[PDB]
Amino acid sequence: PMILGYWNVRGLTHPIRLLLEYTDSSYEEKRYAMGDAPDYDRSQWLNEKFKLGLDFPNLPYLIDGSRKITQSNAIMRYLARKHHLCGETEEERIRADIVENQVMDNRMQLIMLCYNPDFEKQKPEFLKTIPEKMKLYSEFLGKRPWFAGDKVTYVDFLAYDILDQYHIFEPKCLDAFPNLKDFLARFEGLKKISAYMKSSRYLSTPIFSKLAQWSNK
């Protein structure tokens, strides 16, 4: 079958695990483990990093037949074209492009705060930024069921992931944005997703490696 390689953490791979399940893909995962302090051994991965035939070795990676992919975004796009989950019109392609990129920005901001020493120091004023962030997602979605338009597309997986994580970090961040709470419920409600969330393969936490100062266990 297909192989998905990544750390045994949620990280930036929730989107991909969710889509593999949504599309009924025949897959197996390799979940590499990092060592505990002081050093935090990464050898399980390092030992084969440069032996997989990957062009730009990294985690996550996807092996599908003779195809070998890296870059989480690229994996998502690959799967999308494979299972017809892309925007159909120009308006839909545009919305998809922006959200994909925007999610990435929001993800990096989070990691930056969380992989900061005085994690506790910032959270305050960081929770300060959440509303305007959420408001932008809210207004962009509006009354549509999915982010690109009339059908579910790969970007809803990305948007589900980030809205979920901010929801973890700041549990009240969504009270002011009902269409966002409804979108989380609608996504969580897709048949194949619901079933996966009760499964043994489900890995909602931790999000970051023991390394961070939040969701690190």
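We call the rigid core the largest set of C-alpha positions that still match within 1.5 Å between the two forms. Don't overthink the numbering: it's just position in the shown sequence, from 1.
J.: Is the larger C-alpha RMS shift in 4 other deposited structures of this protein, relative to this form with the rigid core superposed, found in 48-56 or in 35-43?
T.: Comparing 48-56 with 35-43, the larger C-alpha deviation in 4 other deposited structures of this protein belongs to 35-43.
J.: Which is farther from the shown form in 4 other deposited structures of this protein in C-alpha RMS with the core fitted, 115-123 or 135-143?
T.: With the rigid core superposed, the C-alphas that lie farther in 4 other deposited structures of this protein are those of 115-123.
J.: Determine, for stretches 32-40 and 154-162, which one has the higher mean CA B-factor as deposited.
T.: Result of the comparison: 32-40.
J.: Going by the mean C-alpha B-factor recorded in the entry, which is higher: 133-141 or 107-115?
T.: It is 107-115 that shows the higher mean C-alpha B-factor.
J.: At the C-alpha atoms, which of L180, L52, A176, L62 reaches the highest B-factor in this entry?
T.: Reading the PDB entry, the winner on C-alpha B-factor is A176.
J.: Identify, among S25, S200, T13, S209, the residue whose C-alpha carries the highest B-factor in the deposited PDB entry.
T.: By C-alpha B-factor in the record, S209 ranks first.
J.: Among the chain's modelled residues, which third holds the C-alpha B-factor of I69?
T.: Tercile = lowest for this residue's CA B-factor.
J.: Ranking the modelled residues of this chain by C-alpha B-factor as given in the entry, is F169 in the lowest, middle or highest third?
T.: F169: CA B-factor falls in the highest third of its chain.
J.: Split the chain's modelled residues into thirds by Cα B-factor; is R95 in the lowest, middle or highest one?
T.: Lowest third of the chain for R95's C-alpha B-factor.
J.: What third of its chain, lowest, middle or highest, does the C-alpha temperature factor of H83 fall into?
T.: As the PDB entry reports it, the C-alpha B-factor of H83 lands in the lowest third of its chain.
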